[PDB]
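Neighbour counts are summed over all protein chains in view; Cβ atoms, including those assigned to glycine, are modelled from backbone coordinates with ideal geometry. What is reported rests on the model, the rules as stated and the sources as named; these are not laboratory values.
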Amino acid sequence: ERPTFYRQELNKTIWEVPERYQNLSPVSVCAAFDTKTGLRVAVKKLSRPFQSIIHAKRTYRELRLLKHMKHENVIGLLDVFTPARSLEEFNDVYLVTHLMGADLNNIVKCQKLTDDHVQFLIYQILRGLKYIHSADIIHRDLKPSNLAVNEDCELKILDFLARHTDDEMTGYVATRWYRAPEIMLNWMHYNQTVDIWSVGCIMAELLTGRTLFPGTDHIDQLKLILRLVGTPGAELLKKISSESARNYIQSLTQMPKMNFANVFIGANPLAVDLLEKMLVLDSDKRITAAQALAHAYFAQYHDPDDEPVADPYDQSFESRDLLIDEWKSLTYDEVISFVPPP
Ligand SMILES: C[C@@H](CS(C)(=O)=O)Nc1n[nH]c2nc(Oc3ccc(F)cc3F)ncc12
């Protein structure tokens, strides 16, 4: 049956939530206490979820994605609710997940982590990614700020969705530093391995305490990337479906791949080897999450029987054109059909 809701203004926003959620505090996301489960939770009220087709579809997309994700190392949905009693009244959507303490930045904080810390942290990211990728879902925007960790260094992947504007990808910004070159410059139709590029950047940063490719702009970042991994070979150049981008790439003086052991001085030789396998220019040749988990660097964490894959994820809706009310009705069904985890 329908729980009792109570009203409360917070972010100059009127929040109407079930009584079970108490002590709401702005952190449009609020920290709260779930009296039913005893969990500290984050409650997110979507703003204008059905204002346009694009926005309505995005609301549907986020809910579908969150409802599907059932893995230790991936953000899960604890609850989803609306104060509405019917489709006609339906206008607001609230999403509930675990309140995560801090992100990966707060932990790195300009400092080198121990090799054991790096092992454990990257292991969990790859474990989550294997899961995510097995459902043919690409994160597309993995960075330290989308990786939440608790006191015990237990990690969850957040975000996934919305996507950054051209303005916020411009200049000296962490929003672009972990992005694979093929997606940063739209070289081609990208695949799941864009995320592996991002993991390599993250891992290097955990090892050195420094951003791997802190480009001041797209062009500066590419030069930083190509200095490390070398300029593309003929094989890759053919794969760059963009004639314009291909032509610019060929304007650059050729450079060989650097010695990673000389770049990551003092680092575990197994970490160096993994980095070389993640940070490959040609995305076809990048190591996958499943393959990376079997790499000797994770010997003390790897367990083939404790690295689950996801149930199939039906994302046919992505290529579907619908009206606002149709995306809305679909979103409503998803809210109403939600079943809480054990
Ligand atoms: C405060 C923050 C610090 S942090 C980890 O981002 O640095 N911590 C968080 N823990 N959980 C979170 N969730 C969201 O957004 C949601 C996403 C999906 C939902 F179902 C519900 C949400 F509220 N935002 C932040 C956090």
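Results for (1) within 26 Å of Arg40 (Cβ to Cβ); (2) crowded, with 16+ Cβ neighbours inside 10 Å; (3) in contact with an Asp or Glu (Cβ under 6 Å, 6 or more places away or on another chain), shown as yes or no for each residue.
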position: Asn106; (1), (2), (3): yes, no, no
position: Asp116; (1), (2), (3): no, no, no
position: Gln119; (1), (2), (3): no, yes, no
position: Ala135; (1), (2), (3): no, yes, no
position: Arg140; (1), (2), (3): no, yes, no
position: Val149; (1), (2), (3): yes, yes, no
position: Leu161; (1), (2), (3): yes, no, yes
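Considering only residues that are within 9 Å of the ligand (Cβ to nearest atom) and farther than 29 Å from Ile265 by Cβ, which ones fall in the stretch 142-152? The answer is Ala148, and nothing else.
Is it the case that the stretch 241-260 has a residue that's of a type outside the set (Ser, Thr, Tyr), in the same structural domain as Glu182 (by CATH), loosely packed, with under 10 Cβ neighbours inside 10 Å and farther than 18 Å from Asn191 by Cα? Checked the stretch 241-260: at least one residue is of a type outside the set (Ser, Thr, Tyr), in the same structural domain as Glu182 (by CATH), loosely packed, with under 10 Cβ neighbours inside 10 Å and farther than 18 Å from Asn191 by Cα. Can you confirm whether the stretch 76-90 contains a residue that is in the same structural domain as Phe160 (by CATH), over 18 Å from the mean Cα position of the chain (by Cα) and among the basic types (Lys, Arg)? No, the conditions are met nowhere in the stretch 76-90. Of all residues in the stretch 9-21, those being in a strand (DSSP E or B) and surrounded by 13 or more Cβ atoms within 10 Å (Cβ to Cβ) number 5.
Select, from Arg210, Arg179, the only residue that is crowded, with 17+ Cβ neighbours inside 10 Å, more than 24 Å from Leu99 (Cα to Cα) and among the basic types (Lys, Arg). Even if it seems obvious, please write down each step before you answer.
Values: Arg210 fails: crowded, with 17+ Cβ neighbours inside 10 Å.
Of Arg210, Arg179, the one residue that is crowded, with 17+ Cβ neighbours inside 10 Å, more than 24 Å from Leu99 (Cα to Cα) and among the basic types (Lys, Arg) is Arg179.
Taken together, the residues in the stretch 172-216 that are hydroxyl-bearing (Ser, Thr, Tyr) and closer than 25 Å to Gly266 by Cβ amount to 4.
Condition check ((1) in contact with a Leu (Cβ under 7 Å, 6 or more places away or on another chain); (2) outside the structural domain of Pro256 (by CATH); (3) on the phi < 0 side of the Ramachandran plot) across all residues:
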{"residue": "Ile183", "(1), (2), (3)": "no, no, yes"}
{"residue": "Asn186", "(1), (2), (3)": "no, no, no"}
{"residue": "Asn191", "(1), (2), (3)": "no, no, yes"}
{"residue": "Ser198", "(1), (2), (3)": "yes, no, yes"}
{"residue": "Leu207", "(1), (2), (3)": "no, no, yes"}
{"residue": "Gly215", "(1), (2), (3)": "yes, no, yes"}
{"residue": "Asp220", "(1), (2), (3)": "no, no, yes"}
{"residue": "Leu236", "(1), (2), (3)": "yes, no, yes"}
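Highlighted here are the helices (runs of 4 or more DSSP H) found entirely within the stretch 242-342 that include at least 1 residues which are among the basic types (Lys, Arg): 243-249, 269-278, 324-336.
Inspect all residues belonging to the stretch 113-126 and state whether any of them is under 30 Å from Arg48 (Cα atoms) and touching a strand residue (DSSP E or B) at 6+ places or on another chain (Cβ under 7 Å). No, the stretch 113-126 contains no residue that is under 30 Å from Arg48 (Cα atoms) and touching a strand residue (DSSP E or B) at 6+ places or on another chain (Cβ under 7 Å). Which one of the conditions (1) buried (at least 21 other Cβ atoms within 10 Å of the Cβ); (2) among the aliphatic types (A, V, I, L, M); (3) not assigned by CATH to the domain that holds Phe213 does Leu155 fail to meet, given that it meets all the rest? So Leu155 meets the others, but not (3). For the stretch 22-44, which positions are among the polar types (S, T, N, Q) and either assigned to a loop (DSSP other than H, G, I, E, B) or within 23 Å of the chain's Cα centre (by Cα) (or both)? If the condition is that a residue be among the polar types (S, T, N, Q) and either assigned to a loop (DSSP other than H, G, I, E, B) or within 23 Å of the chain's Cα centre (by Cα) (or both), then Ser28, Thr35, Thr37 are the ones that fit. Within the stretch 304-342, if we keep just the residues that are of a type in the set (D, E, K, R) and within 23 Å of the chain's Cα centre (by Cα), the residue that is surrounded by the most Cβ atoms within 10 Å (Cβ to Cβ) turns out to be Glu307.
Checking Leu121, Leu161, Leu142, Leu87 one by one, the residue that is over 27 Å from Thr59 (Cβ atoms) and out of contact with any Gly (no Cβ under 7 Å at 6 or more places or on another chain) is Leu121 and no other.
Remark: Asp79 falls outside the filter, which requires a residue to be surrounded by fewer than 18 Cβ atoms within 10 Å (Cβ to Cβ) and of a type in the set (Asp, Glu).
Is the stretch 112-124 home to any residue that is in contact with a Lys or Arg (Cβ under 9 Å, 6 or more places away or on another chain) and within 23 Å of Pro26 (Cα to Cα)? No, the stretch 112-124 contains no residue that is in contact with a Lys or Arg (Cβ under 9 Å, 6 or more places away or on another chain) and within 23 Å of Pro26 (Cα to Cα).
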